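Read the structure below first, then the notes.
Counting from 1, the numbers follow the sequence of the chain as shown. Whatever order the structure lists them in is the order used to number ligands and atoms, beginning at 1.
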Amino acid sequence: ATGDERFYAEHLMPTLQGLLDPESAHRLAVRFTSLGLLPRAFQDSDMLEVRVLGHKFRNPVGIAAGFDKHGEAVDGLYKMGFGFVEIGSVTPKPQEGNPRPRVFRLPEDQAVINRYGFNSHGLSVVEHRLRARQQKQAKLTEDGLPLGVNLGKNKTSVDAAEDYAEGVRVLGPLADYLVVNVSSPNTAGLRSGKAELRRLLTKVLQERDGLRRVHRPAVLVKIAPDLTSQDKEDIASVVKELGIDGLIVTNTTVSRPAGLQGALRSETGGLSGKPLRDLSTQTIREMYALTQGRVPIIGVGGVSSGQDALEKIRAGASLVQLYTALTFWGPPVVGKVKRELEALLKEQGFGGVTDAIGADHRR
Ligand SMILES: CCn1c(CO)nn(-c2cc(O[C@@H](C)C(F)(F)F)c(C(=O)Nc3c(F)cccc3Cl)cc2F)c1=O
Ligand SMILES: Cc1cc2nc3c(=O)[nH]c(=O)nc-3n(C[C@H](O)[C@H](O)[C@H](O)COP(=O)(O)O)c2cc1C
Ligand SMILES: O=C(O)c1cc(=O)[nH]c(=O)[nH]1
């Protein structure tokens with residue numbers, strides 16, 4: 001462990017989180033990151049490179065959606081050491097989200113509960129923000145640092161599929177991949193038969209296919225950790241039938257695992273961090289098997305170490321993301337996870353990340 005890792009985790013982060021409300025802490029982090037005011041970041045080795053979704057990824061550790069909802073801090077996030085950045089969720093029209101407070105810390109559980117409710121600057125604002133750096137991003141992507149854009153829907157929209165279609169049209173041309181986020185716990189009706197998922201995704205794929213080739217992103221579906229076995233079967237079937245490019249597994253949980261200690265455990269919202277970790281890993285495992293290992297998965301939920309990352313990779317993830325760990329460990333967590341993952345890959349006889357993807361299924 002580095003000097004910075006210990007100082008951030010043992011002293012700086014607990015101190016700052018003790019002085020700030022949770023949403024203020026989030027907002028300041030976005031500001032600092034946007035300005036590049038960051039501790040020095042670990043040099044990515046060849047072992048960490050992954051080729052998937054039509055792109056090179058210099059390392060397999062990404063920032064999950066929700067940290068940079070409005071695409072304000074993309075360059076700072078690459079500076080932090082992330083191999084890829086996902087922004088959003090972005091809704092078609094601007095919207096405020098839920099009333100404050102809407103983010104809650106559970107430090108005794110290394111967890112967070114949020115009910116932001118898709119607060120979003122909206123597609124137009126985000127479009128113009130990404131256009132301002134569109135060629136810089138093209139070079140970053142060529143250098144193995146791709147960009148994902150996560151699409152949401154407005155609270156009052158009467159046609160969910162049209163909201164996602166609008167997102168594809170507006171931000172698709174600026175993204176390496178898009179995410180159809182049908183799994184927020186904090187918008188009424190979002191997570192809801194099989195035929196309607198098929199309908200929605202058919203429309204999204206048609207819109208994507210209508211973009212010019214150099215502006216044509218991969219399309220992924222991000223799913224909840226709270227799905228029934230039937231839901232998971234159905235999703236796998238639809239994904240294969242339509243040629244969806246990948247899955248993001250998982251969003252936050254509306255469950256409250258036995259054992260949570262935080263005083264705020266019974267707040268409404270999605271739970272993230274350590275209590276979500278294994279529920280998410282197991283969802284990756286099931287989705288990989290249901291798709292015969294032929295559908296790339298981005299694994300997310302409770303990653304704070306190289307071991308956590310490798311467990312998701314071995315379960316079937318090609319790439320991982322984190323968010324909640326950053327709230328407790330700060331920016332040095334990114335180098336920590338990468339260093340630990342490289343060490344474990346070597347210790348377990350893997351030539352690189354690619355060799356470990358889905359390795360548990362071959363035992
Ligand atoms: C879930 C909302 N949330 C929270 C509170 O739960 N904290 N938090 C968060 C909070 C963060 O720091 C808060 C305390 C801040 F900015 F005031 F220092 C950070 C973070 O990485 N900060 C940071 C940075 F951007 C750049 C340099 C140095 C630091 Cl310490 C990253 C985070 F993700 C965050 O996003
Ligand atoms: C405060 C907060 C906001 C989030 N916002 C979004 C979002 O807008 N869209 C989305 O798909 N996921 C969102 N997520 C979920 C994360 O992307 C991720 O799936 C989940 O938090 C699990 O990862 P973690 O345990 O590493 O945080 C959010 C999570 C948190 C904590
Ligand atoms: O904006 C939110 O409330 C939100 C969206 C989402 O997809 N996941 C989450 O945990 N929160």
### Pair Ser229-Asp231, side-chain donor/acceptor within less than 3.5 Å
no

### Message
With respect to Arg105, determine whether any N or O atom, backbone or side chain, lies less than 3.5 Å from an N or O atom of ligand 1.
### Response
no

#### Entry: Gap separating the OG1 atom of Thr283 from the CD1 atom of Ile297, nearest 0.5 angstrom
10.0 Å

### Sub-4.0 Å atoms of ligand 1 with respect to non-hydrogen atoms of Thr33
25 (F)

### Message
Taking 4.0 Å as the limit for heavy-atom contacts, which would you say applies to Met13 with ligand 1: side chain only, backbone only, both, or neither?
### Response
side chain

### Whether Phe7 and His11 hold their rings parallel, tilted or perpendicular, with breakpoints at 30° and 60°
tilted

### Query
For atom 13 (C) of ligand 1, what's the nearest protein heavy atom and its distance?
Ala25 O, 3.4 Å

### Query
Quick one: do the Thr187 and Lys153 side chains pair a donor with an acceptor below 3.5 Å?
no

### Task
Dump the intermediate steps for salt bridge (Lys or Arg N to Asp or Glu O under 4.0 Å) on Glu127 and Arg131, then the final yes or no.
CA-CA 6 Å; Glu127 176 210 322; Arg131 281 183 173 183; 3.1 Å; yes

### Summary
Contact region, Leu37 to ligand 1, non-hydrogen atoms below 4.0 Å, reads backbone

### Query
In terms of the angle between their ring planes, are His70 and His121 parallel, tilted or perpendicular, with boundaries placed at 30° and 60°?
parallel

#### Entry: Candidate pair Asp109 and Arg265, rule salt bridge (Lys or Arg N to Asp or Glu O under 4.0 Å), full reasoning
CA-CA 9 Å; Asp109 306 302; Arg265 69 189 186 188; over 6 Å; no

### Task
Decide, yes or no, whether a salt bridge links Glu286 with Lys232 under the criterion of side-chain N to carboxylate O below 4.0 Å.
yes

### Task
Could you tell me whether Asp68 and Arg129 make a salt bridge, using a distance below 4.0 angstrom between a side-chain N and a carboxylate O?
no

### Message
Assess the residue pair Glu86 and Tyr323 against the criterion (side chain to side chain donor-acceptor pair (under 3.5 Å)); give the C-alpha distance rounded to whole Å, side-chain angles, the decisive distance to 0.1 Å, and a yes or no.
### Response
CA-CA 11 Å; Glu86 188 175 308; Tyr323 179 6; over 6 Å; no

### Query
Short list, please: which atoms of ligand 1 are under 4.0 Å from a heavy atom of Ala29?
10 (C), 11 (C), 12 (O), 16 (F), 19 (C), 20 (C), 22 (N), 25 (F), 31 (C), 32 (C)

### Query
Which one holds for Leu16 and ligand 1: side chain close, backbone close, both close, or neither close, with close meaning a heavy atom under 4.0 Å?
side chain

### Task
Tell me, with the steps shown, if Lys203 and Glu162 meet salt bridge (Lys or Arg N to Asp or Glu O under 4.0 Å).
CA-CA 8 Å; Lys203 176 154 168 153; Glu162 190 57 25; 2.7 Å; yes

#### Entry: Pair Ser280-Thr250, side-chain donor/acceptor within less than 3.5 Å
yes

### Query
Can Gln230 and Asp234 be counted as having a side-chain donor-acceptor contact under 3.5 angstrom?
yes

### Query
Looking at atom 1 (C) of ligand 1, what's its closest protein heavy atom, distance included?
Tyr323 OH, 3.5 Å

### Task
Begin from the C-alpha positions of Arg58 and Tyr78 and carry the test side-chain contact (heavy atoms from CB on, under 4.5 Å) through to its verdict.
CA-CA 11 Å; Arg58 286 207 328 217; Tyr78 295 123; over 6 Å; no

### Query
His26 heavy atoms, cut-off 4.0 Å: which ligand 1 atoms fall inside?
2 (C), 3 (N), 34 (C), 35 (O)

### Message
When you compare ligand 1 with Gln17, is there at least one nitrogen or oxygen pair between them that comes in under 3.5 angstrom?
### Response
yes

Between ligand 2 and the protein, which N/O pairs are shorter than 3.5 Å?
unit_1, atom_1, unit_2, atom_2, d
ligand 2, 5 (N), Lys69, NZ, 3.4
ligand 2, 8 (O), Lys69, NZ, 2.8
ligand 2, 8 (O), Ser89, N, 2.9
ligand 2, 8 (O), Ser89, OG, 3.4
ligand 2, 9 (N), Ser89, OG, 2.9
ligand 2, 9 (N), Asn181, ND2, 3.4
ligand 2, 11 (O), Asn150, ND2, 2.9
ligand 2, 11 (O), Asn181, ND2, 3.1
ligand 2, 11 (O), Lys222, NZ, 3.1
ligand 2, 12 (N), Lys222, NZ, 3.1
ligand 2, 14 (N), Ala65, O, 3.3
ligand 2, 17 (O), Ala65, O, 2.7
ligand 2, 17 (O), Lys222, NZ, 2.8
ligand 2, 19 (O), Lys222, NZ, 3.1
ligand 2, 19 (O), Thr250, O, 2.9
ligand 2, 25 (O), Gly273, N, 2.9
ligand 2, 25 (O), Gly302, N, 2.8
ligand 2, 26 (O), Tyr323, N, 2.9
ligand 2, 27 (O), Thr324, N, 2.9
ligand 2, 27 (O), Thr324, OG1, 2.6

### Task
State if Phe104 counts as touching ligand 1 under the rule of any non-hydrogen atom under 4.0 Å.
no

### Query
Quick one: nearest non-hydrogen protein atom to atom 24 (C) of ligand 1, plus distance?
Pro331 CG, 3.9 Å

### Query
Can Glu241 and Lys194 be said to form a salt bridge (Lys or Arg N to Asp or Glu O under 4.0 Å), step by step?
CA-CA 12 Å; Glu241 181 195 352; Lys194 179 182 181 184; 5.7 Å; no

Pairs under 3.5 Å, nitrogen or oxygen of ligand 3 with protein nitrogen or oxygen:
unit_1, atom_1, unit_2, atom_2, d
ligand 3, 1 (O), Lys69, NZ, 2.8
ligand 3, 1 (O), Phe118, N, 2.9
ligand 3, 3 (O), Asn114, OD1, 3.3
ligand 3, 3 (O), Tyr116, N, 3.1
ligand 3, 3 (O), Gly117, N, 2.7
ligand 3, 3 (O), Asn186, ND2, 2.9
ligand 3, 7 (O), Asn181, ND2, 2.9
ligand 3, 7 (O), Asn251, ND2, 3.0
ligand 3, 8 (N), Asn251, OD1, 2.8
ligand 3, 10 (O), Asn114, ND2, 3.0
ligand 3, 10 (O), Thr252, OG1, 2.8
ligand 3, 11 (N), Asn114, OD1, 2.9
ligand 3, 11 (N), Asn186, ND2, 3.3

### Summary
Ranked by distance from atom 5 (C) of ligand 1, the top protein heavy atom is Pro22 O, 3.5 Å

### Task
Specify the protein heavy atom at minimum distance from atom 8 (N) of ligand 1: its residue, its atom name, and the distance to 0.1 Å.
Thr327 CG2, 3.5 Å

#### Entry: Per-atom contacts of ligand 1 with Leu20, taking only distances under 4.0 Å to non-hydrogen atoms
17 (F)

### Query
Is the backbone of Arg115 close enough, under 3.5 Å, to the side chain of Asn98 for a donor and an acceptor to pair up by distance?
yes

### Query
Are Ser237 and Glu233 close enough that a side-chain donor and a side-chain acceptor fall under 3.5 Å?
no

